[PDB]
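Fold and contact review
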Amino acid sequence: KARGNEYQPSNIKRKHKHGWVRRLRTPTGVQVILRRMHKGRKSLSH
Amino acid sequence: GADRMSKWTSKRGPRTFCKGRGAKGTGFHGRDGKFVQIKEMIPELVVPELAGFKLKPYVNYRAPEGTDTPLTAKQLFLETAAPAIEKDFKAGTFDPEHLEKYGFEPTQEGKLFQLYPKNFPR
Amino acid sequence: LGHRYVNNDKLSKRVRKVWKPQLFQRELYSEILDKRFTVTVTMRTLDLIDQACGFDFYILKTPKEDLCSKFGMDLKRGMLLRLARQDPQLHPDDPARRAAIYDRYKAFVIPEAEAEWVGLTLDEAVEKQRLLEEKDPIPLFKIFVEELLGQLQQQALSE
Amino acid sequence: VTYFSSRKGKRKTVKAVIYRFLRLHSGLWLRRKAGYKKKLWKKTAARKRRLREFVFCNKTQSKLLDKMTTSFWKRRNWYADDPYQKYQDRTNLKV
Amino acid sequence: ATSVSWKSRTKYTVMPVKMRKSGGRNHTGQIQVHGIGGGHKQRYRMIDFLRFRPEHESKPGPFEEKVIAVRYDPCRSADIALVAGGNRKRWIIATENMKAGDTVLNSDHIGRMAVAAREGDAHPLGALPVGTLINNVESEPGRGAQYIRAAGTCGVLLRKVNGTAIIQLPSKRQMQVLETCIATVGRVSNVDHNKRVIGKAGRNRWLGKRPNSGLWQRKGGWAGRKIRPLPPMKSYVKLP
RNA sequence: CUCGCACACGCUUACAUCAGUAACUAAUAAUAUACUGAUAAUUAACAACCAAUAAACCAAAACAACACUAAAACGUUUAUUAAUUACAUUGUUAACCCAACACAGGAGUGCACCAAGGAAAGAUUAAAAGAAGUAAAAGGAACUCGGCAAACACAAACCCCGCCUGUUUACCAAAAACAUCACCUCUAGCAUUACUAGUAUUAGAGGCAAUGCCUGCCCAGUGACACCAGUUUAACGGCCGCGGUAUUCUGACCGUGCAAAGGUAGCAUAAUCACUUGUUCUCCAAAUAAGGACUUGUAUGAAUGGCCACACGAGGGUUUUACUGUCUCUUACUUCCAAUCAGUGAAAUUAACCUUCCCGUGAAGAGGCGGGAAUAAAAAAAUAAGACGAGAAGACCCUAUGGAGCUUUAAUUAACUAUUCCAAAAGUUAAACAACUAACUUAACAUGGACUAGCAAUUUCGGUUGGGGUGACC
RNA sequence: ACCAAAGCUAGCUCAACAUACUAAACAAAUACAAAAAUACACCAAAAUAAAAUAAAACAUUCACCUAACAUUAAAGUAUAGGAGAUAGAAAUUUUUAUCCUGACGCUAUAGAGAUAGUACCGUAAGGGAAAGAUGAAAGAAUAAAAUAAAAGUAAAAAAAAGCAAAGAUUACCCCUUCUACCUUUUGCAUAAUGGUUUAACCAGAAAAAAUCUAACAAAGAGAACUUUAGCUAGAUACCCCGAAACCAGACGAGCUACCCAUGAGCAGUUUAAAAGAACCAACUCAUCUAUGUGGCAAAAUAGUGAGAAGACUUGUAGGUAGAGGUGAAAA
Ligand SMILES: [Mg+2]
Ligand SMILES: [Mg+2]
Ligand SMILES: [Mg+2]
Ligand SMILES: [Mg+2]
Ligand SMILES: [Mg+2]
Ligand SMILES: [Mg+2]
Ligand SMILES: [Mg+2]
Ligand SMILES: [Mg+2]
Ligand SMILES: [Mg+2]
Ligand SMILES: [Mg+2]
Ligand SMILES: [Mg+2]
Ligand SMILES: [Mg+2]
Ligand SMILES: [Mg+2]
Ligand SMILES: [Mg+2]
Ligand SMILES: [Mg+2]
Ligand SMILES: [Mg+2]
Ligand SMILES: [Mg+2]
Ligand SMILES: [Mg+2]
Ligand SMILES: [Mg+2]
Ligand SMILES: [Mg+2]
Ligand SMILES: [Mg+2]
Ligand SMILES: [Mg+2]
Ligand SMILES: [Mg+2]
Ligand SMILES: [Mg+2]
Ligand SMILES: [Mg+2]
Ligand SMILES: [Mg+2]
Ligand SMILES: [Mg+2]
Ligand SMILES: [Mg+2]
Ligand SMILES: [Mg+2]
Ligand SMILES: [Mg+2]
Ligand SMILES: [Mg+2]
Ligand SMILES: [Mg+2]
Ligand SMILES: [Mg+2]
Ligand SMILES: [Mg+2]
Ligand SMILES: [Mg+2]
Ligand SMILES: [Mg+2]
Ligand SMILES: [Mg+2]
Ligand SMILES: [Mg+2]
Ligand SMILES: [Mg+2]
Ligand SMILES: [Mg+2]
Ligand SMILES: [Mg+2]
Ligand SMILES: [Mg+2]
Ligand SMILES: [Mg+2]
Ligand SMILES: [Mg+2]
Ligand SMILES: [Mg+2]
Ligand SMILES: [Mg+2]
Ligand SMILES: [Mg+2]
Ligand SMILES: [Mg+2]
Ligand SMILES: [Mg+2]
Ligand SMILES: [Mg+2]
Ligand SMILES: [Mg+2]
Ligand SMILES: [Mg+2]
Ligand SMILES: [Mg+2]
Ligand SMILES: [Mg+2]
Ligand SMILES: [Mg+2]
Ligand SMILES: [Mg+2]
Ligand SMILES: [Mg+2]
Ligand SMILES: [Mg+2]
Ligand SMILES: [Mg+2]
Ligand SMILES: [Mg+2]
Ligand SMILES: [Mg+2]
Ligand SMILES: [Mg+2]
Ligand SMILES: [Mg+2]
Ligand SMILES: [Mg+2]
Ligand SMILES: [Mg+2]
Ligand SMILES: [Mg+2]
Ligand SMILES: [Mg+2]
Ligand SMILES: [Mg+2]
Ligand SMILES: [Mg+2]
Ligand SMILES: [Mg+2]
Ligand SMILES: [Mg+2]
Ligand SMILES: [Mg+2]
Ligand SMILES: [Mg+2]
Ligand SMILES: [Mg+2]
Ligand SMILES: [Mg+2]
Ligand SMILES: [Mg+2]
Ligand SMILES: [Mg+2]
Ligand SMILES: [Mg+2]
Ligand SMILES: [Mg+2]
Ligand SMILES: [Mg+2]
Ligand SMILES: [Mg+2]
Ligand SMILES: [Mg+2]
Ligand SMILES: [Mg+2]
Ligand SMILES: [Mg+2]
Ligand SMILES: [Mg+2]
Ligand SMILES: [Mg+2]
Ligand SMILES: [Mg+2]
Ligand SMILES: [Mg+2]
Ligand SMILES: [Mg+2]
Ligand SMILES: [Mg+2]
Ligand SMILES: [Mg+2]
Ligand SMILES: [Mg+2]
Ligand SMILES: [Mg+2]
Ligand SMILES: [Mg+2]
Ligand SMILES: [Mg+2]
Ligand SMILES: [Mg+2]
Ligand SMILES: [Mg+2]
Ligand SMILES: [Mg+2]
Ligand SMILES: [Mg+2]
Ligand SMILES: [Mg+2]
Ligand SMILES: [Mg+2]
Ligand SMILES: [Mg+2]
Ligand SMILES: [Mg+2]
Ligand SMILES: [Mg+2]
């Protein structure tokens, strides 16, 4: 009906989907971390 | 958009998330579910008797400093093992096989406080 | 891995194609290592073994590039070691068989320092060399004692 | 036409020209007639002859072919036995 | 991701064990089979499909068991029976008239005279009369029953030739087997399961069936009434 | 006037005390839960963290006596070992979260309906128009596409389509679409990840839509089986004419052509090309509406289902009652807007404007040109005829050797998935036959080359045209 | 007179050299849901780049396109190509050290995105800013010193009449004469396009043949070539913004579609009944109308409706991923 409230926060979901461990469990995730490191991001991951 | 930057702390998550602030565990979980402390894991402070001793938190201003010599393994060798080794070589009683009388220790695993794997906190 | 034209007319579609070798399960007998390995080989491997007149021959007689297998290079490292050592455990009961076998392969015999480095990956090599160089750093008590004995023996010989 | 090649950065020649024309040194280009091998039984003797000729290209075509062709093809050639050596220079041209 | 099947339990139990339905999804998580999911919650009763199973390897002989109860089972169409002998109980697929407080014989023994066949009895095919009705039919001897377990189904022993039995499956196809294979004698339980009337779409959902798709597909060549000569006879007898 | 207290999830100090607020946050102040600074604070009993291995147990939750069908979450005890020793660690504020905002929206549970929470009006005035309400003489649908909305009414009937409860285009469609019980076709004889811990009364792929009466004729084409014959229509799909005849219109009969069969039963001016407002009866004072009949519909019609019917429907039509400001034909009064005062303060828009009317003219509809008329300058309130008014590089239309989606009988054809075959690979047989080397075999993998299909991959829609299209042309 | 204006620094760019090439910082903690000292395991892996585009279409083809071998030539030659677009060698040749490293490069809308990969925006991959100016001293702020120049305003509202001006005039108007400008078009005052205005940024690039000027000339060029006045050198030249797309690889199921686990709700009334029955709340939907239409709201408010023990609603955790998924088909 009305939209824009699509984000319904959960910390468990947050960290399971986007967290450090999740990023290191696959080669592609590691490439994400590597790219962010390259660009010099302050936060590599959630 | 949640919060990326702020650090991840036990205050932040659900009930199920408990992360200590870095104090060290004193025990384990027992049979009843109740927690058991192990008297050996709890650090025992060793405190000397200070009453009859004279030294103070500050030093007199006219008292001199000194030329600064960082202690080296060499100087420590010379203040300890060198007089004894010289005494027993001059007497010909020197034994290259066992240096143990001079204070050398072949292996650390026997003694209480070992230096290399570093058994003690402080 | 490559491409082909269908019909071999250059004017037809061009299409990715991959040609895969036909593989077989065959058990082979090594004389020098005295063993039967069950190995996947090609018909080409069997023909090269036939052509070089022995399994062990084929393994010793072929360069690293032509075998292409890490397992081939390890077979070779093994029997090369067995030849340079003249290992008695080959045939413990019969020195007759042992000398007989070690005989025909005498052309490939190489020294020992060479024979254990033959089939090695750069990784395995680096590891091996790291293990040979493995030493617990010598206590400064030792070194200081030797300097002191040098000094005391030169103080004794000067008078 | 490629004006600047990739590897060399030079200017390429269009070979399709080199196969069907011939450049004399004067700047005249020479060509065969079109359809001269085609359907001969259907044609007059006279027409057949008109086809068998070697003919010259008009100015426009000449400039075009020059542009489509590098400098090498314009050099002065001396071939042994060459039929066309007779024709390379121009004579008595009052312009 | 990867899911692990619920189907791991090593030791046999008469007690109902809990199971996880997966609507049509393979272990990868994609849909493999359409139209499956979310029925009633079900526990699973382990069925012993090897009817001849000597309790101890010490005494090999033909043994006898008592039928304690005959219960509804959610997992299959047939009704099942709790059967106890010696120190052990097991679930077996109940024959049509099997009732509580009953006696059932399990035997591997053949003999020249065949046998007078009761219902729950399990015998090697060779031991039965040639017109008998059978269910829970083994393929190779010692394998365990596969064929003819559905509710109210029965096959029939056709003939015995050359130390081998030829039987007729419920699909009216013929099947050839060693005569050393066990089968149970009779029609499987709950014969009226055919005539049950699902009353409303809801009931179908209770059974864990999701509705058909809505897409309209024009019927193809495959459809029509095909009349095919009945297939040749399957033989699990391995010739030398 | 009444969405209150707590917990979970989430938020992260926004909470508390003292002080300050010229300006910054509050869409404005007063002052302060939200701005600023300093200083403090939530204390475990609640909550998180908090054993394994064997073994006996077929017996639902429903106040559970006992049962129903869809067959159901939740543990004891016995044995074997489980460091044994105060105080461990961590969550504890809030007026809070997701919606760019101090957003009339979105948010799980337990208890409450007040004992707890809150304030519709900054101050006036009492114009229009607009919003929301209450009342209305006589009439009672005359309104209108339609009784939409409203009502002191809250009832009855009849059709069409779908059987029914259910589902769907989040943000223009809730339906006659989909699903669905039922009925039917096809495909499978079987084992450790789906189907399925199943086994033809089963499981998949579909069609159609409960029930009732039924489901006629066709295998020539196209499929699919059968690798060819042949079989299949509850597979794709089909189911005709011309001439002559009963005194007369008709045509039982006759002739003949063609087809694989020649549209059967039913129903019918229909949600059914047109003719069409077919014709007639009923209903109304009056009907292209509604209902009933007649009915060649030469373009209905039987599981791409045909016909009746119960019940059901925010489906689409029609009648009656009743009710009414829908209407005749409007009216009064309240609140919000409104206008004036005070505070704060946006948006599209905008070549420049010193921004009249008429007729003529003109890129063919003039504030601006020509010919005339008119004409102190400025606010505030109102109306919408024009500024081809604002919005959005028209969604219609055409064009572009511009795209993409979909379908195939378009042109080129891989991979993959199944089929079939030859070779590869492993083998096996005779010592073959006649007189004086070949042949056959194949468990799972599995290679190279072919075959037939499935599922697909790549690419394209020639131009001219008194717009395109059709036709015609080149 | 306000708003404003002006600096010259921060740093950058391009090369040279160079050793050799993952900086700095590590006490503890860091791959449980990174920064959480402490318990019996598992651990790991590879498959040709493709397409946009050029061929004025597109089907074979289409340089470069994350693979060391440079340079002068051979040579754009041999060759290869729907023999089209285009692609394109080699044999064979040439190459003398080290120091003289800097700048006819930028100066705050420039130069790096950079004061910073920070704020902020995204669930994530990812995107990604703006901003500085006193002096020797501000331990010289009753503070002292040099622009007062953009649009916008104020000082100072307007007075018949008209693309706003021009001819003029003693005189501002009054008089007379002129249908804004770009673009686009056969043709525009057009009621066709674009622009409130100001500042700063913002768009023509190549040397085959030719011409011009000069050297030397039957030869000319500092090697490789060209030459029947040629050769060598110089100078003269060819824009900017914009699709819908296509391909590869990542990231996404906290919304929603459908599943899996695991919890939770359903009061009253009617009925032998918890029967996809009935009435009607909570709850879930979204029928009809009016508001609202830059709104309270990127789908709401008010009334009115439909379901309401089920094919029901709903919390938490998990799954399926774009050639895909999911689908009671509405693409
Ligand atoms: Mg969003
Ligand atoms: Mg964020
Ligand atoms: Mg927490
Ligand atoms: Mg919490
Ligand atoms: Mg305790
Ligand atoms: Mg089941
Ligand atoms: Mg059952
Ligand atoms: Mg179905
Ligand atoms: Mg359907
Ligand atoms: Mg927040
Ligand atoms: Mg505060
Ligand atoms: Mg304020
Ligand atoms: Mg609290
Ligand atoms: Mg007010
Ligand atoms: Mg009013
Ligand atoms: Mg009113
Ligand atoms: Mg009223
Ligand atoms: Mg009235
Ligand atoms: Mg009327
Ligand atoms: Mg009227
Ligand atoms: Mg109404
Ligand atoms: Mg009514
Ligand atoms: Mg009524
Ligand atoms: Mg319906
Ligand atoms: Mg909609
Ligand atoms: Mg919906
Ligand atoms: Mg509805
Ligand atoms: Mg709607
Ligand atoms: Mg339907
Ligand atoms: Mg029937
Ligand atoms: Mg029917
Ligand atoms: Mg039919
Ligand atoms: Mg046929
Ligand atoms: Mg046929
Ligand atoms: Mg009729
Ligand atoms: Mg009609
Ligand atoms: Mg028809
Ligand atoms: Mg059909
Ligand atoms: Mg039809
Ligand atoms: Mg009914
Ligand atoms: Mg109705
Ligand atoms: Mg309904
Ligand atoms: Mg409806
Ligand atoms: Mg009145
Ligand atoms: Mg005001
Ligand atoms: Mg005026
Ligand atoms: Mg006019
Ligand atoms: Mg005039
Ligand atoms: Mg005029
Ligand atoms: Mg108007
Ligand atoms: Mg208009
Ligand atoms: Mg407009
Ligand atoms: Mg346009
Ligand atoms: Mg339009
Ligand atoms: Mg169109
Ligand atoms: Mg064209
Ligand atoms: Mg095209
Ligand atoms: Mg074709
Ligand atoms: Mg292609
Ligand atoms: Mg066309
Ligand atoms: Mg055209
Ligand atoms: Mg036309
Ligand atoms: Mg016309
Ligand atoms: Mg045509
Ligand atoms: Mg092209
Ligand atoms: Mg072009
Ligand atoms: Mg194109
Ligand atoms: Mg390419
Ligand atoms: Mg060729
Ligand atoms: Mg071409
Ligand atoms: Mg900058
Ligand atoms: Mg910048
Ligand atoms: Mg100014
Ligand atoms: Mg004037
Ligand atoms: Mg025009
Ligand atoms: Mg022109
Ligand atoms: Mg004009
Ligand atoms: Mg005009
Ligand atoms: Mg105008
Ligand atoms: Mg115009
Ligand atoms: Mg226009
Ligand atoms: Mg204009
Ligand atoms: Mg234009
Ligand atoms: Mg235009
Ligand atoms: Mg313009
Ligand atoms: Mg404009
Ligand atoms: Mg030149
Ligand atoms: Mg020019
Ligand atoms: Mg393409
Ligand atoms: Mg294209
Ligand atoms: Mg989810
Ligand atoms: Mg109830
Ligand atoms: Mg109900
Ligand atoms: Mg509502
Ligand atoms: Mg109302
Ligand atoms: Mg309601
Ligand atoms: Mg209701
Ligand atoms: Mg109802
Ligand atoms: Mg998930
Ligand atoms: Mg595509
Ligand atoms: Mg798809
Ligand atoms: Mg659904
Ligand atoms: Mg559809
Ligand atoms: Mg559609």
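What counts, and where the lines are drawn
- Residues numbered from 1 in each chain as written, not as in the entry; some residues may be left out.
- Chains lettered and ligands numbered in written order.
- Part of a larger assembly, values for the part shown.
- Heavy atoms only, no water.
- UniProt positions renumbered as here; feature names shortened; annotations may be inferred.
- Helix = DSSP H or I, 4+ residues; strand = E, 2+ residues; numbered from the N terminus.
- Rg over C-alpha atoms; globule rule 2.2 N^0.38 Å.
- Buried < 20%, exposed > 50% of the residue type's maximum accessible area, 1.4 Å probe, protein only.
- Contact = heavy atoms within 4.5 Å.
- Areas by Shrake-Rupley, 256 points an atom, 1.4 Å probe, with all protein chains shown as cover.
- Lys, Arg positive; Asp, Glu negative; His and termini not counted.
- Charge placed at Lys NZ, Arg CZ, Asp CG, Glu CD.
- Expected span 1.5 Å × (residues − 1).
- Buried area = accessible area lost by both parts, 1.4 Å probe.
- Salt bridge = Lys/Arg side-chain N within 4 Å of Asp/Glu carboxyl O.
- Pairing = 2+ DSSP bridges.
- Axes fitted to C-alpha atoms, helices over the stretch in contact; angles between N-to-C directions.
- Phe/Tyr/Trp six-rings, centres within 6.5 Å; stacked < 30°, edge-to-face > 60°.

This entry, as listed in the PDB, derives from cryo-EM and reports a resolution of 3.2 Å.

Looking up chain D in the PDB entry gives the name Mitochondrial ribosomal protein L35, with the organism given as Sus scrofa. The record lists its title as "Unique features of mammalian mitochondrial translation initiation revealed by cryo-EM. This file contains the complete 55S ribosome".

In the annotation of the PDB entry, chain B is listed under the name Mitochondrial ribosomal protein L41 and assigned to Sus scrofa. As stated in UniProt under Sequence similarities (unreviewed entry), the record for chain B gives "Belongs to the mitochondrion-specific ribosomal protein mL41 family." Comment text from UniProt for chain B, heading Subcellular location (unreviewed entry), reads "Mitochondrion".

Glancing now at the overall build of chain B. When helices and strands are tallied, chain B shows one helix and two strands. Computed over the C-alpha atoms, the radius of gyration of chain B is 26 Å, more than 25% above the 14 Å expected from 2.2 N^0.38 for a compact globule of 122 residues. Scored against the burial criterion, the 122 residues of chain B give a buried share of 8%. Considering only intrachain contacts with a sequence separation of at least 6, the fraction spanning at least 24 residues in chain B is 0%. Approximately 11,800 Å² of chain B is accessible, and the part contributed by carbon and sulfur atoms is 57%. In chain B, 21 side chains carry a positive charge and 15 a negative one; their mean positions are 16 Å apart.

Here helix α1 (residues 73–90) of chain B is 18 residues long and its end C-alpha atoms lie 24 Å apart, about the 26 Å a rise of 1.5 Å per residue gives. Three or more residues of α1 of chain B are buried, namely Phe77, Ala81, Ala82 and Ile85 of chain B. Contact partners of the buried residues in α1 of chain B: α8 (140–156) of chain C. Just beyond α1 of chain B, the residue with positive phi is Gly92 of chain B, at close to 70°.

Let us look at the interface of chain C and chain B. Taken together, the contacts link twelve residues of chain C with 13 residues of chain B. Summed over both sides, the interface between chain C and chain B buries roughly 1,300 Å², with carbon and sulfur atoms accounting for 85% of that surface. Contact with chain B buries surface across chain C, with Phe141, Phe144 and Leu152 of chain C losing the most and accounting together for 46% of the total. In this structure, the connection of chain C to chain B is made through one salt bridge. With a closest N to O distance of 3.2 Å, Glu147 of chain C and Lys74 of chain B form a salt bridge.

A word on the sheet that holds strand β2 (residues 29–32) of chain D. All names here are of chain D. The strand order across the open sheet formed by three strands is β1-β2-β3, and the pairing between neighbours is antiparallel. A single partner strand is all that each edge strand has here, and the edge strands are β1 (21–23) and β3 (54–56). When the angles between neighbouring strand axes are averaged without regard to direction, this sheet yields 30°. Bridge count for β2 against β3 is three bridges, and the pairing is antiparallel. Across the sheet, residue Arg32 finds its bridge partner in β3, namely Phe54.

This part takes up the packing of aromatic side chains. Per the stated rule, a full pass over the model turns up 14 aromatic pairs over all chains. Their ring planes at 80° and their centres at 6.1 Å tell us that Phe37 of chain C and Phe71 of chain C sit as a pair that is edge-to-face. Residue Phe37 of chain C is located in strand β4 (residues 35–41), and its partner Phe71 of chain C is located in helix α4 (residues 70–85); the two are separated by 34 residues in the primary sequence. Look at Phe37 of chain C and you get buried, because its relative accessible area is 17%. For the ring pair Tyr147 of chain E and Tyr236 of chain E, a centre distance of 6.3 Å and an interplane angle of 50° mean the geometry is tilted. Placement of the pair is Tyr147 of chain E in the loop between β8 (133–135) and β9 (155–160) and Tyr236 of chain E in the segment after β13 (234–235), with a sequence separation of 89 residues. The partly exposed category is assigned to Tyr236 of chain E, whose relative accessible area is 27%.

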